[PDB]
Each structure stands twice: as C-alpha cells, then as structure tokens.
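> sequence plus experimental coordinates follow:
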Amino acid sequence: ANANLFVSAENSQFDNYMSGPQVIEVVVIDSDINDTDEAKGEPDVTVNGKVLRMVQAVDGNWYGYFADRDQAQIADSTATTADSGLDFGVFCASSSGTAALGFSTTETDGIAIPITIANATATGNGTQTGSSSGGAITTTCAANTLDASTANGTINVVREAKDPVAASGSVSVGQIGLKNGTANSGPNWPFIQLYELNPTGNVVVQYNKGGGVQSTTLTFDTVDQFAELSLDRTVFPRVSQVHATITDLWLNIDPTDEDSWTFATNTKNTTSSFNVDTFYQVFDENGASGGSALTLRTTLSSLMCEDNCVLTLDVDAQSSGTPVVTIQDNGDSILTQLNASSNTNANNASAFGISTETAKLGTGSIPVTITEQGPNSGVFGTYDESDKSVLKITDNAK
Amino acid sequence: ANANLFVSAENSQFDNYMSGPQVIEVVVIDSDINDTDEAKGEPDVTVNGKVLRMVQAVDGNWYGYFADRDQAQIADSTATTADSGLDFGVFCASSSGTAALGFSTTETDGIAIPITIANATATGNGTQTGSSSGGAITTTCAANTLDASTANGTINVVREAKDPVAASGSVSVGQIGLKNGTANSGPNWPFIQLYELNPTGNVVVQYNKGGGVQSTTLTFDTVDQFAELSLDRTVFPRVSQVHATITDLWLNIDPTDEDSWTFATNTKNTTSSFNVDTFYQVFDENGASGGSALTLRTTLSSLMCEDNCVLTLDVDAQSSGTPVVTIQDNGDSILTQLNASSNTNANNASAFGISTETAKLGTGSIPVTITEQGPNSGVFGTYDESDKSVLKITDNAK
Amino acid sequence: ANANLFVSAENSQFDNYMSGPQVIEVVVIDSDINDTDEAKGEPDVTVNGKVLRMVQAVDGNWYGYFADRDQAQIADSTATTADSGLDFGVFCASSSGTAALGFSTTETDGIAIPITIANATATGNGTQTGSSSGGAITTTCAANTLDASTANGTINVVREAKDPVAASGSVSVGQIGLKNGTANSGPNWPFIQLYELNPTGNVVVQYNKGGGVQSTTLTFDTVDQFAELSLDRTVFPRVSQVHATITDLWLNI
C-alpha cells in the first residue's frame, strides 16, 4: 500500500486487476497536508501520466474517482431511469470542468457529474444516458446547466462519499473550489474523471512528493480467471440453509459501498418473452428498495463479461416432481409469495417474486439476491447477518 | 494495533470476545492530531469495513461508541422508565445523523441519541423504548425533535464520557460538528452507532493512517466459557466476611464506568408471584440510588445469556433451623432491615430488603449487590473498599 | 507514581499508609490538559469510587484535597482560636457545595471551607469548631454565609496552595467555577472534601483517561510500626550538638 497513497484495486488476492464499468477510489493520507483550516496545496497525483484532481474531505484525506471512458458510457446506457442501475449521471466534455465543477479538468477524457438535463440542447448541455457503443465525448456543460438541474445526486456507482471540507477563511470548498459541496445529494460531489485505458495493458497511479514518488500499477483485463462459486457443504439434509459464496472482482462496481445484485435464474421458465437476466441494486445491503430493475443481458458482452456475470438455477434436476430447492426472504432482500393460494405452499419456488418489479422478476423466474461482504472485498454471499440464506432445501425433498 | 488505536474489548484474558448489549469504546491517541485549537482531519476508523465517526475530546483524543443493533433494541425494551436500567436513549434512522447530531451517519445501521420524545408521531420522531424482537430501524429524527426534548442525557449504558473540545475560531464542537456538546447531560454526546453483526463471527476495527493500518479483531459470541465464581476461603469461622468474586465479560455493559448489578437470590421464597431475577444499576459504585429496578428475567435468553446472568443463594442448606449466612449493608449498596421487631435479629437474612424498591426486592427475596473492580475489567465482587462484604456468616452458626 | 497521577501518601518507605487527621493531596500532571486559556474538561478522579473535584492551577496542574470525616472533626475541636493548631476552617454539608464553592460536591461526606461564622444560626450556617466525637455533618452553608465572613483563609492544615487559573473568556475560575480564587487568604481555595473511611481498610484513588486507568491504593491504620528516633552518634563529648531525627508518618499533617 506504499505509505501515503491508497488505490482500491490494490488487492493481492486478485493480483491488482480491474475490469468492467467499476469506479476506482484514490486516497492520499499524509500528515503534511492533513489540516482543514489552512489552504495547503493539492497533492500531485497522476494516472498513466495524466493529472487526477483530488478534493479534501472532513477526515483530512484527499479523494479522487476515475473509470474507463468507454465502459462508463456503455454501462450508463443501461440506466434508463435516473439514479437507478449503473448511472454515472451525465457525461460532460473535459473543457466543462471550470464551468461545472469550478476547477480545471483538461487532462481527462471526460467527466461524469450527478445532475439531470432540463433543457436537452444539442451543444451546451451534456448527455444524460450515454452511448451503447462509446467513443469520444464532445458535448460540453456550462454554469447555467447546473442551476437548471431538477434532481441532484443521480450517480449510483458511488454512494458512500466523505463530506467535502467546508469554506472557512482562506479555504475554499474541498480546498480546490467545488461549487456545491453537499456529498451524494449535490450536483458536484462525487464526480468521476474518465480516462481512455488499454485493455490487457497496465494502469499506473503515481503521487509525487518531496523525497520520492509512490506508484501503484494495475492491470485492465477480463477477470473470469479469479471468479468462482463455493457451497458450504457436500451433502444437504432436508431443511438446511444453502450458503452460496460468490467471489468476482467484476461485481464490485462501488469502491465505497456494499454492492447488491439480483438475478432471474429460472432456466426452465419456457415463456417466449422470458430470458435469464442480471440486475444491479434492486435492493440495498439493508434490504431496502434502492431503485428499479434494469436489463443487463444484451450489454454484458460489451462490459468485458467473459462467462462470469450470470447466475442460473435448476430446482428439480431429475424432474422427479418434488423440487429440491426453494427460495425465502432474508435481511438483504424483499421477497414476497405472490401465489398465496392454500393449494400451494412455501416449497413452490415459482410462487415467490418481487412485488415492485413484476414484468421480469414476477411469479416464476426465481429471483436470487447476493450482497457484498464488505465495501471493497469482492466476496458476495446469499447469507445475511442472522445466517438466513435465500436458498433453502425443501421439507419433503427426496 | 497497540500503537495509536485502543478498543475496549481488547482483553487477552477473555481472548478478545464481546457479547450481549455491551457498548464498545474506540479511542485514537496520536501526536499528529492531538491539538485542539487547529482543525485537524477526523481519523479514518472503520468496523467491518463501515465508517465509525470519531468526536475529539479535551484530552486531544478521538472517541467513538458502537453496539450490535438487535441487542441494543432488545435491551432498551427492558428500560420502561427513562435513564434507568439498560437505556440507549432513542433509536433514530441512519439518515437522521445530519438533522440530529449535525454530521452524516449513513454507513451505520442506526444511532442511539440521549433525548426523550415529547410529540410521539409515527414518522418524524424516533422510537423511545425499542423493540423486544429487534429488526431494522426506519423511524427518522429531525432538528425539531431535539428542541422539543424535555429531558436530555437519557443514555444509561455510557455514563463517563470525556468533554467534547469547544468551538473556537476554525474549530467546531468535537471538531466534527456536534450541535450541543455538554457531555452525559446533553442531547448528543455520548451517542451509540448501531451495526448489524454476525453471532459467532469476527468483528474487525481498523484505523487507516500514513505508513500502515492498525487492526484489532474481536469475536461476537456467548461467553459463558469465561465466567466463574471464587470464594476467599475453604472453611469459614463464625463471624467471617464471605468475599465472593465474579468474573463475567457479559456483565461489563459500560466501558467507561463501574458497573453495578443487584440480584434477588432467595431460592426458597415460594410465594407464587416471586421469581429469582436480575437488575441493572439499582445502585452506583459509591452506594447511591442511581435509578429504579427493572426486570430482566424473561429477556436474558434474547441477550445471549447462556446460564451465566443469574445469582441464587440458599442460607440454610441442611434446614437445621439455624441459618449459616446473613446479609448486611456496605459502602456500595443501601440495605435496610425492614422487620425491625425486637423478636428478630441481624441473623435473619429475610428481614433485610431495599426500601425504595419493595415490589420485587422487599422483605424476604435476599438482595445481593456486586460492583465492578475497575471501569473495564470484567471482575466483580461483594467486598467494598473498607473490606466489608454483603455476605456474612451468622454469629450462632453451627 | 504511575505516569500522570500523584497522591501524597504514595511512599514506598511507609508502605502507602496514612493515619490521623492528615490531609492528602491528589495532583494530575498531563500534557493533554495542561493549557489554561482553553476550557478543557475536568479530569475524572474518584476515591473509594466517589468523585473527587479537581481545580486547575497556574502551573497547568489539577489539585484536590481530602481527609477522613471523623478525624477532621475531632482534630478541628482542639483549635479553640481560628487559623491556629489543626483548624480545617468550617464544616459544611455536601449540598452546600453549589451555594458556597459554586460547583456540586454531593458525592462527598462533607466539605471544610476557610471562613468564619458571623451569624451562628442553628441551621443555615455551618459549624466553626467541629465535634470532639465526630459523626455525620448536617448543618448547611449558603451564599450569604460567605459574604458575612469577617476573616478568610482560616484553614491551617493546608498552607502552601497553588493559585487557581484565572477567569478569561470561556474559562471560569479554577476552570470548574470557584467563587473567589485568592489562594490561602480567600474563602474557597483551598478546601478539603471529607470522606468516611474504614480504619484498617484500603483507600483507592483512581483517574480514568483514554488508553487506561491509573490507580493508587492506600491503607488507613495506626502507623506506630514506622515510627522511630535516631541520634547522630553513640558517645557525646562535653559541648556537643545532640542531632535528633524523628521519622513519623502521623506528624506530616
């Protein structure tokens, strides 16, 4: 971890790899610049030789968030409703930094700010939804863009951001000049700086201080070689909990929060309209709503998924008539028995669904939810904090 | 971690275990941020990867208090009168931090603030008493909640809290922005941050500073394997003091104060209404009132008690007619002879009780009091500082 | 000596014993609370589990003075003229702390303040001379008791007390609120907090700070097993000086 520079992707287990639409947090912790009532200089931090702008927070630490340009654009196109699924907010040009954030972002490929567009002009006001293909960002953003915004805090890929240091005396907001410093509900903080990165190539983060430089190198590549599923036991008795653990680097989109994913896994739903699918943040880590369910099935190829973003389940493998596995509510999801008829019971996995999202996660199409065991771990599970799994063996199983 | 990070549960004797509704103090002592007239940055402290908010105190040290969500709720339900027994005060939602404390508490499961509710609305004003079962906390708290409070300082689980640093120049109250900094009699300090923890699972406390991180790991599990009672001698002469020492991790609820417990121990009181019971802080460590007596007998199963929260006594084991053991007042209790008739004497253990609490601790039902030998020791005794035990051998014993 | 807590009776030679009408000084020396222009919190100090109130002084140190209740009362009865012999001044009830000193002294058995009584009422004005037998102190003291006093500084058992820190800005007198901070000639500083202690029983002094607690234990008993006389020589010639040394814990009041 060096001494004073911390980068989220620095994990020995996964060999410093990063992949997909993920955001990366860079933190500087140093006692030379830790004060918040004096105007100390911004620390000098670069990624692949290009400047990373760092905001001071109330803990006396300097933060910056970056992501690959094309992956942010491609992922943002899935988020059809604002502040739900993988929303990076609105895509602005590099020149827009001075007019929108209040400081220069010119050595970046683009910036993602959490506002909404009221006046959808062709030129002066950025792109709300992003491009399914990606490319260069050319639409600019201005000061009148911020004021006209009707819903602030539309970024959903970073949800747990520290408060920017306040404006007192010589000190500006975030000590570098943010125009509005209300974190995770304001129009400026957090924001993601976009960089064009080379697949299968190294990414280098540097901090230049007196007496030497700290570096951290990361790899940008598909990470299906670090992905696996583990079950707690070999043989399962009749009313056991099925405790499934998924480890996948790709699934940790938020570096500050606990990431939640929801799957339609029924591989024997044969309705023509139905497809196995993946959804992002349909729930919280505390089993709240946390937003709508938005399709990701046809975009997983373009987000660097190599056979590693899909969960499928078969409740009755031998078609004996008695289903082995059922599903149940727990502390990290809101599952409901939609067929409450006396003729069926809790062993019918196809009688459960999600009430708010019935088009794609209704009756049948067994919804399965996983939650991140730690903000930036990359290890997911179906268990909750009371040890109640989503997947349970049926009472009449053979 | 024993360089700059101190956690209360760090005890080699008990193998870093914690259990029950007990509160845990985190202290940071470092010379880099020890000043109180400059606005240094809050130290970055996390439990199971979630942020712990730290207040600076007048000694230049940073404090934070946490507890398990369900255990705080279950214990708080026993406290039927305010600021007596195990009161955590009032349960607020995570979002309420900004409106109530004046700073963000969003990476917590809930907060416990020491006020009382005047206007008991369904939504905008939190829960006074807590749930006997526990669960998610959803009721919010607002700024108008604090002002309408008619009795501040209702938390009874933390009683010895250091003064928050005052607002001078660039420095805010507690250097992080508490709205009212009067300790142990104000509406904000101390407060407990609630976390959902895994029974039989590890709890990790981390501090991130320049040059490396300090960690401390704790276990959250039932602790009856560390509990025992010892007597001073094997054979007791006629007017001896019976000096009993109890060691139990579970009994140390307050990490800053000296914990006092009172027991109804008469196992031959056969009155239908009577039950052996346990009470919390019926006295102080200086033998003052310190609050009312509130039942805990039917809730001990839900507070992780495994055969280790109950004291029983039999004064005459062989039923010879002469009772071997009696009870007497000392410096850490207020015991009174309720039957003052000349026909009885000081050898009648059933003629003593507590005057203020006669329903459950009256005549008969031998009350026995223990006091903690040190703020955060976990070793209790019946002796006081003058060496006068509560339990004494009768003068006419055979 | 621990690190930051100093108690007078802490002497290895006498095995931490204390006896008789003696006053005990508790001092806290720490660099965390040594400033005198900021309102730092009073350090948390207890004796036998009861709170000891600590005044800050100009050296940035916190002071408190305590004694056994019955021994102070019995010794005070010998002092027939004021500010002579073993005078603890005037005995007030615990409730009187707020009205006399300006801060709460309710977890004490009694307080001894250095004034004189002008109007010797039965109730509202305390006891000048003390009881030869001792017992519970029940006479109270009020604010009008201080103002009517005609001779301040009548305590003779503590004579060398550091100056209470002055009232500037947010800081009160002695940083805890003394009503008159002129040391050894005023009506409030020093004052002795009285505690009921058990002969042949331990006395425990504790200080609670972040990162651990300091304790000191003392014994309250007769101390004639540590008392002796020594002469400088064995044989003395005709116009010699006889240099006699007495060591006795009891004699250090």
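Sure, I can see it. Numbers count the residues shown, from 1 in each chain, chains lettered A, B, ... in the order given.

> gap between the longest helix anywhere in chain A and the chain center?
Secondary structure assigned by DSSP state H gives helix A:69-76 as the longest helix of chain A. Chain-centre distance of helix A:69-76: 12 Å, with Cα atoms, centre = their mean, to the nearest Å.

> same question for stretch A:62-79.
Worked out by Cα atoms, centre = their mean, stretch A:62-79 lies 10 Å from the chain centre.

> and stretch A:27-36, by the same measure?
27 Å.

> span of that stretch from start to end?
Using Cα to Cα, to the nearest Å, the end-to-end distance of stretch A:27-36 comes to 16 Å.

> now swap in stretch A:266-280 and tell me
Stretch A:266-280: ends 18 Å apart by Cα to Cα.

> show me the contacts for residue A:213.
Residues in contact with residue A:213, defined by Cβ atoms under 8 Å, 6 or more residues apart in numbering or on different chains, are A:206-207. In short, each C-beta sits where N, CA and C put it, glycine included.

> quick check, residue A:371 in a helix?
No - remark: residue A:371 does not belong to a helix; assigned using DSSP: H, G, I helix; E, B strand; the rest coil, it is strand.

> give me phi/psi at the residue in the stretch 51-200 of chain A that chain B sits nearest to?
The nearest approach of the stretch 51-200 of chain A to chain B comes at residue A:60, 1.5 Å away (Cβ to the nearest Cβ). Note on residue A:60: its backbone torsions stand at phi 70, psi 30 [degrees, to the nearest 10].

> burial check on it, number of neighbours?
Here the count is done by other Cβ atoms under 10 Å in any protein chain shown, and residue A:60 has 23 residues near it.

> repeat that for residue A:215.
So residue A:215, with other Cβ under 10 Å, has 12 neighbours.

> not counting its neighbours along the chain, what's nearest it?
What sits nearest to residue A:215 in space, not counting adjacent residues and going by Cβ to Cβ, 6 or more residues apart in numbering or on different chains, is residue A:206, at 5.1 Å.

> on that earlier part again, what's the longest helix of chain A packed up against?
Applying 3 or more Cβ pairs under 8 Å, 6 or more residues apart in numbering or on different chains; DSSP states H and E, one finds that helix A:69-76 contacts strand A:90-92, strand A:110-113, strand A:192-195.

> repeat that for 10 Å
Judged by 3 or more Cβ pairs under 10 Å, 6 or more residues apart in numbering or on different chains; DSSP states H and E, the packing partners of helix A:69-76 are strand A:62-68, strand A:90-92, strand A:110-113, strand A:192-195.

> closest one to residue B:198 among those?
Nearest to residue B:198 among those is strand A:62-68 (29.6 Å), distances taken as Cβ to Cβ.

> the inter-axis angle of the closest one versus helix A:69-76?
Interaxial angle of strand A:62-68 relative to helix A:69-76 (axes from the mean of the first three to the mean of the last three Cα atoms, to 10 degrees): 80 degrees.

> which strands border strand A:62-68, and is each parallel or antiparallel?
Applying DSSP bridges, strand A:62-68 is found paired with strand A:24-28 (antiparallel), strand A:55-56 (antiparallel), strand A:192-195 (parallel).

> residue A:393: neighbour count?
18.

> now do residue A:233
For residue A:233, using other Cβ under 10 Å, the count is 10.

> OK, contacts around it?
Shown in contact with residue A:233 (Cβ atoms under 10 Å, 6 or more residues apart in numbering or on different chains): A:240-243.

> host element of it?
Here residue A:233 is covered by no helix or strand, with elements defined by DSSP states H and E.

> and the stretch 151-300 of chain A, which residues reach chain B?
Contact residues (Cβ under 10 Å from any Cβ of the partner chain) of the stretch 151-300 of chain A with chain B: A:159-163, A:165-166, A:168-169, A:171, A:182-185, A:256-258, A:285-288.

> now the end-to-end length of stretch A:225-232.
First-to-last residue span, stretch A:225-232, Cα to Cα: 21 Å.

> next one: that stretch to chain centre, how far?
20 Å.

> picking up where we left off before, now the residue of the stretch 51-200 of chain A closest to chain B: closest residue in space, sequence neighbours ignored.
Nearest to residue A:60 is residue B:41, by Cβ to Cβ, 6+ apart, at 1.5 Å.

> number of nearby residues for the one you found?
Counted with other Cβ under 10 Å, residue B:41 comes out at 24.

> which parts of stretch A:76-85 are buried?
Within stretch A:76-85, the residues that count as buried by 16 or more other Cβ atoms under 10 Å in any protein chain shown are A:76-79, A:82-85.

> is residue A:144 part of a helix or strand, or is it coil?
helix.

> return the residues in contact with it.
When contacts are taken as Cβ under 10 Å, 6+ apart, residue A:144 is in contact with A:99, A:119, A:124-125.

> ok, back up a step: how far away is the residue of the stretch 51-200 of chain A closest to chain B from residue A:165?
Distance of residue A:60 to residue A:165, given as Cβ to Cβ, to the nearest Å: 8 Å.

> now do the shared contacts for those two.
A:35-36, B:39, B:41.

> most widely separated two among the residues you listed?
B:39 and B:41 (8.1 Å).

> that's a strand at residue A:225, yeah?
No - per three-state DSSP, residue A:225 lies outside any strand segment and is helix.

> ok, it touching residue A:247?
No - taking contacts as Cβ atoms under 10 Å, residue A:225 lies outside contact range of residue A:247: 11.8 Å.

> neighbour count: those two, which is higher?
residue A:247 (18 against 13).

> surely the more buried one meets residue A:224?
No - using Cβ under 10 Å, residue A:247 is not in contact with residue A:224; the gap is 11.7 Å.

> what about residue A:298, neighbour count?
11.

> what's the answer for the one 3 residues further on, then?
Around residue A:301 there are 11 other residues, counting by other Cβ under 10 Å.

> got phi/psi on it?
According to degrees, to the nearest 10, residue A:301 has phi -60, psi -40.

> next, give phi and psi for the spatially closest residue to residue A:274 that is not a sequence neighbour.
In space, and not counting its chain neighbours, residue A:274 is closest to residue A:365: 6.3 Å by Cβ to Cβ, 6+ apart. Here is the backbone geometry of residue A:365 (degrees, to the nearest 10): phi 50, psi 60.

> my guess is residue A:365 contacts residue A:269, does it?
Yes - between residue A:365 and residue A:269 a contact is recorded at 5.2 Å, counting by Cβ under 10 Å.

> hey, what's in contact with both of these two?
A:275-276, A:350.

> for the residues you listed, pick the one with the most neighbours.
Busiest of the shared contacts of residue A:365 and residue A:269 [other Cβ under 10 Å] is residue A:350, holding 19 neighbours.

> if I've got this straight, it is in a strand?
No - if the criterion is three-state DSSP, then residue A:350 is helix and not within a strand.

> spit out the contact partners of it.
Residue A:350 neighbours (Cβ under 10 Å, 6+ apart): A:266, A:268-269, A:315, A:323, A:326-327, A:338-339, A:344, A:363-366.

> residues contacting the residue nearest to residue A:26 when sequence neighbours are not counted?
Closest residue in space to residue A:26, ignoring its immediate chain neighbours: residue A:64 at 4.5 Å, by Cβ to Cβ, 6+ apart. Going by Cβ under 10 Å, 6+ apart, residue A:64 touches A:7, A:24-28, A:43, A:45, A:47, A:51-55, A:190-193, A:205.
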